[PDB]
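Trainee: Counting in the deposited numbering, the sequence shown runs from 28 upward without gaps. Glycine included, C-beta positions come from ideal geometry on N, C-alpha and C.
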Amino acid sequence: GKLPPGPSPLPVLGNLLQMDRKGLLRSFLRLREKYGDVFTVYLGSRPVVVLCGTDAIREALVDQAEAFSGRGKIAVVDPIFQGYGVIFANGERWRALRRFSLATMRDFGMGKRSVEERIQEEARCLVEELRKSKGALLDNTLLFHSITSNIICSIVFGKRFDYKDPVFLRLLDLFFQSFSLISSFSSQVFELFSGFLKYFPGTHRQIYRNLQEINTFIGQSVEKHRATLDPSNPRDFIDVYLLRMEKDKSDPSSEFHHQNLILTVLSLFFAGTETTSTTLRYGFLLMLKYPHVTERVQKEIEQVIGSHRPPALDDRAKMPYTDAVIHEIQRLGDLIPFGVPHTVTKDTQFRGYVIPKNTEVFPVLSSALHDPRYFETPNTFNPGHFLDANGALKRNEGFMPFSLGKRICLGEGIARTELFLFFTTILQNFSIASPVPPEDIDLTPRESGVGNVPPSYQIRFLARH
Ligand code: HEM
Ligand SMILES: Clc1ccc(-n2ccnc2)cc1
């Protein structure tokens with residue numbers, strides 16, 4: 028049986044000595060050199076199994092997507108989730124919420140259409156709020172978080188917030204700031220010595236007080252939604268959850284109990300707002316480094332969508348180039364370097380090693396988007412990776428930014444749609460430009476932990492006439 032190869036760990040400390048100074052990801056890469064694609068590492072006491080390569084990630088999450096369908100714990104945030112919510116819940120509790128939220132939000136907009144029209148709309152706004160900026164050097168960080176947040180809030184909270192609404196701007200600002208702490212160094216030195224450090228002050232405390240405020244807003248908005256619930260017509264995700272939360276109060280095992288409502292509404296409100304938004308942020312920072320790549324996208328929009336009607340989702344097909352630039356933005360982006368933690372649900376048999384039940388598994392996704400076996404020139408923005416000789420969209424076994432298996436990003440649908448509608452609708456109406464010389468544009472992440480934060484930058488949105 029035995030666990031995969033890795034360095035011999037010391038008591039308490041685990042393989043802390045073999046760890047690279049830069050952080051976790053870098054470390055897993057420096058060990059893959061000595062052991063290869065699949066190997067074992069001990070983060071302090073807890074042994075994890077790292078997975079590198081496009082192959083290893085699928086042989087596990089795709090070909091045995093049941094023994095790996097288990098969610099692990101993320102150091103700094105377990106305190107607030109304690110295993111609840113739809114993202115961190117396990118076993119039956121997981122399927123319980125997963126299916127519910129996947130179904131609730133779906134037949135409430137998501138799925139397709141109702142949301143598409145919602146996005147073209149939110150985008151329409153993002154376009155007039157940008158005209159207002161009269162193309163003055165701004166910081167799209169906040170604004171971006173807004174447009175992707177509204178899309179999700181309309182599904183969960185049902186309502187939509189104004190771009191300059193103080194409350195709204197605080198949750199957003201809170202999400203951003205928090206993701207940045209969740210991906211900092213402590214958020215990692217914690218993963219290791221969480222039990223050790225938690226007794227002393229640090230950023231781990233700040234991540235708590237942060238999610239707190241949000242949980243409040245979530246919570247105090249559950250009350251508002253409470254006294255206004257017209258069972259004959261639910262308004263959003265909260266109502267539906269409320270209708271079934273009240274319904275099953277005779278089954279003291281129904282995972283539908285506040286704890287979840289808040290933590291699930293937080294999982295969908297944080298992710299739904301966070302990633303899609305910083306992907307575009309990274310996207311555009313990449314559109315300044317390569318202005319010649321923008322001209323094309325703005326031309327492909329011109330041939331297809333023309334320029335007298337907002338981009339529709341259908342257009343993603345007739346626009347194979349822009350599709351590839353996005354897959355490439357997403358690929359180089361790599362917002363989630365080593366995917367949210369996993370765990371085998373049973374004694375699993377993998378490649379010749381026997382991973383005991385409940386053993387944490389990290390699917391280094393970064394080493395799948397950057398894999399040389401599937402991506403020629405993986406470290407170079409190359410819309411080619413996703414195209415054939417006849418210049419058409421081509422699939423690629425290495426493109427797994429949302430991940431794979433039963434734990435695959437619940438919101439892959441929305442996201443891919445939001446990206447294509449916002450991204451083109453903007454480039455359709457505006458033409459980015461920034462004071463920094465393209466060769467000087469740096470894409471190195473500002474923070475790289477469980478998440479990759481693109482450095483902050485200024486960009487002006489010159490209107491196109
Ligand atoms: C730029 C877009 C996005 C990217 C790159 C992304 C990334 C991912 C990744 C890498 C995971 C972990 C998969 C795993 O367990 O191995 C995940 C999970 C998750 N994401 Fe996203 N995500 C995106 C947007 C969204 C959106 C728009 C929502 C909200 C509707 C969302 C909600 C979720 C949820 C609920 C999970 C947990 C799923 C589960 O436990 O089964 N994400 N996503
Ligand atoms: Cl702790 C954590 C992990 C993943 C996500 N996420 C973001 C987008 N999809 C998943 C949010 C929070």
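Along the chain, where does the alpha helix (DSSP H) that runs through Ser458 open and close?
Mentor: In the sequence shown, the residue the question calls residue 458 occupies position 431. Taken as a continuous stretch (DSSP letters only), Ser458 belongs to no alpha helix (DSSP H), being part of the beta strand (DSSP E) at 457-460.
Trainee: For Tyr62 versus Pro32, is the C-beta spacing smaller than 8 Å?
Mentor: Counting from one through the sequence shown, the residue named residue 62 turns up at place 35. Counting from one through the sequence shown, the residue named residue 32 turns up at place 5. It is a contact, given that the beta carbons lie within the stated cut-off.
Trainee: Among all the DSSP beta bridges, which residues are the ones paired with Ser96?
Mentor: For the purposes of this step, residue 96 is taken as the residue at position 69 of the sequence shown. Bridge partners of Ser96: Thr370.
Trainee: Examine ligand 2 and report whether any of its heavy atoms sits within less than 7 Å of the Cβ of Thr302.
Mentor: For the purposes of this step, residue 302 is taken as residue 275 along the sequence shown, with counting starting at 1. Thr302: yes, Cβ under 7 Å from ligand 2.
Trainee: The alpha helix (DSSP H) with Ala490 in it runs from where to where?
Mentor: Residue numbering aside, residue 490 sits at position 463 when the sequence shown is read from its first letter. Taken as a continuous stretch (DSSP letters only), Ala490 belongs to no alpha helix (DSSP H), being part of the beta strand (DSSP E) at 487-490.
Trainee: Closer than 7 Å to a non-hydrogen atom of ligand 1 - does that hold for the CB of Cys79?
Mentor: In the sequence shown, residue 79 corresponds to position 52, counting from 1. Because no heavy atom of ligand 1 lies under 7 Å away, the Cβ of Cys79 does not count as near it: no.
Trainee: Below 7 Å CB to CB, which residues in the same chain sit around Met137 once its five sequence neighbours on both sides are set aside?
Mentor: Reading the sequence shown from its first residue, position 110 is the one you call residue 137. Same-chain partners within the cutoff: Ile182, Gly440, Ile441.
Trainee: Sorted by chain position, which residues of the same chain lie with C-beta nearer than 8 Å to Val381's C-beta, five sequence neighbours on each side aside?
Mentor: The residue labelled residue 381 in the question sits at position 354 within the sequence shown. So the list reads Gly28, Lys29, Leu30, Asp374, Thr375, once near-sequence residues are dropped.
Trainee: What is the DSSP secondary structure of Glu387, reduced to helix, strand or coil?
Mentor: Taking the first residue of the sequence shown as 1, we reach residue 387 at position 360. In this structure, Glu387 counts as strand in the three-state DSSP scheme.
Trainee: Between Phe457 and ligand 2, is the CB less than 7 Å from at least one heavy atom?
Mentor: By 1-based counting over the sequence shown, the position of residue 457 is 430. Taking the Cβ of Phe457 as the reference point, every heavy atom of ligand 2 lies at 7 Å or farther away.
Trainee: What's the C-alpha gap between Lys345 and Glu273?
Mentor: The residue given as residue 345 occupies position 318 in the sequence shown. The residue given as residue 273 occupies position 246 in the sequence shown. When rounded, the distance between both Cα atoms is 47 Å.
Trainee: How big is the Cα-Cα spacing for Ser210 and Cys152?
Mentor: Translated into positions along the sequence shown, residue 210 becomes position 183. Translated into positions along the sequence shown, residue 152 becomes position 125. Distance between the alpha carbons of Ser210 and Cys152: 31 Å.
Trainee: Skipping 5 residues on each side, what residues in its chain have a beta carbon closer than 7 Å to that of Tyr309?
Mentor: In the sequence shown, counting from the first residue as 1, residue 309 sits at position 282. For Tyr309, where only same-chain residues beyond five positions count, the Cβ hits under 7 Å are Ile356, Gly360, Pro481.
Trainee: Entirely within the segment 130-187 and at least 4 residues each: give me those alpha helix (DSSP H) ranges in chain order.
Mentor: 141-159, 167-183
Trainee: How many whole angstroms separate the CB atoms of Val75 and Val388, which I take to be in contact at a CB cut-off of 8 Å?
Mentor: On the sequence shown, residue 75 is found 48 positions in, with the first residue counted as 1. On the sequence shown, residue 388 is found 361 positions in, with the first residue counted as 1. Contact holds; Cβ gap of about 7 Å.
Trainee: If you pair each beta-carbon of the segment 267-281 with each one of the segment 392-412, do three or more pairs fall below 8 Å?
Mentor: Contact fails between the segment 267-281 and the segment 392-412, because fewer than three Cβ pairs, one in each stretch, are under 8 Å apart.
Trainee: Report whether the distance from the Cβ of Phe202 to the nearest heavy atom of ligand 2 is below 7 Å.
Mentor: Mapped onto the sequence shown, residue 202 falls at position 175. The answer is no for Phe202.
Trainee: Is it buried or exposed for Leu44, if we count other Cβ within 10 angstroms and need 16 for buried?
Mentor: In the sequence shown, residue 44 corresponds to position 17, counting from 1. So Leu44 ends up on the exposed side.
Trainee: Which residues does DSSP list as the beta-bridge partners of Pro74?
Mentor: Residue mapping note: residue 74 aligns to position 47 of the sequence shown, counting from 1. Note: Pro74 sits in a beta bridge opposite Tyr69.
Trainee: Mind checking whether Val77 and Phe55 have CB atoms under 8 Å apart?
Mentor: Working through the sequence shown from its first residue, we reach residue 77 at position 50. Working through the sequence shown from its first residue, we reach residue 55 at position 28. For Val77 and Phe55, yes; Cβs fall inside 8 Å.
Trainee: Below 7 Å CB to CB, which residues in the same chain sit around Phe244 once its five sequence neighbours on both sides are set aside?
Mentor: As a working mapping, residue 244 is identified with position 217 in the sequence shown. Once the five neighbours on either side are set aside, the close Cβ partners of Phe244 are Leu198.
Trainee: On the criterion of 16 or more Cβ atoms from any shown chain inside 10 Å, does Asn177 qualify as buried, or is it exposed?
Mentor: Here residue 177 refers to the residue found at position 150 when the sequence shown is read from its first residue. Buried, by the Cβ-count rule.
Trainee: Output the boundary residues of the beta strand (DSSP E) element that contains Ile382.
Mentor: Taking the sequence shown and counting its residues from 1, one reaches residue 382 at position 355. Looking at the DSSP string, the run of the beta strand (DSSP E) that includes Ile382 is 380-382.
Trainee: Just to confirm, is the Cβ distance from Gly80 to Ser304 under 8 Å?
Mentor: Residue 80 sits at position 53 when you count from the first residue of the sequence shown. Residue 304 sits at position 277 when you count from the first residue of the sequence shown. For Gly80 and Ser304, no; Cβs fall outside 8 Å.
Trainee: Within the continuous beta strand (DSSP E) that includes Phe377, where are the two ends?
Mentor: Position 350 of the sequence shown holds residue 377. From DSSP, the beta strand (DSSP E) with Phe377 extends over 375-377.
Trainee: The alpha helix (DSSP H) that contains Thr349, what's its start and end?
Mentor: For the purposes of this step, residue 349 is taken as residue 322 along the sequence shown, with counting starting at 1. From DSSP, the alpha helix (DSSP H) with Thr349 extends over 347-360.
Trainee: Using a 10 Å radius around the Cβ and a threshold of 16 neighbouring Cβ atoms, would you call residue 542 buried or exposed?
Mentor: Outside the shown range of the chain (28 to 492) lies residue 542, about which nothing can therefore be said.
Trainee: Could you pull out every residue in the same chain whose Cβ sits closer than 7 Å to the Cβ of residue 11, ignoring the five residues on either side in sequence?
Mentor: In this structure the chain extends from 28 to 492, so residue 11 is not present and cannot be described.
Trainee: Verify whether the separation of the beta carbon atoms of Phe95 and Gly432 is less than 8 Å.
Mentor: Here residue 95 refers to the residue found at position 68 of the sequence shown. Here residue 432 refers to the residue found at position 405 of the sequence shown. Cβ distance < 8 Å, so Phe95 and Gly432 count as in contact.
Trainee: Please check the pair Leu270 and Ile241, which I expect to be a contact at CB under 8 Å, by giving their CB distance rounded to whole angstroms.
Mentor: The sequence position of residue 270 within the sequence shown is 243, counting from 1. The sequence position of residue 241 within the sequence shown is 214, counting from 1. About 24 Å separates the CB atoms of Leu270 and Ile241; that is not less than 8 Å, and the two are not in contact.
Trainee: On a CA-only basis, which of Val154, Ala163, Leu164 is nearest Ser173? Give me that one, please.
Mentor: Position 146 of the sequence shown, counted from the start, is the residue given in the question as residue 173. Residue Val154 is the option with its Cα nearest to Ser173.
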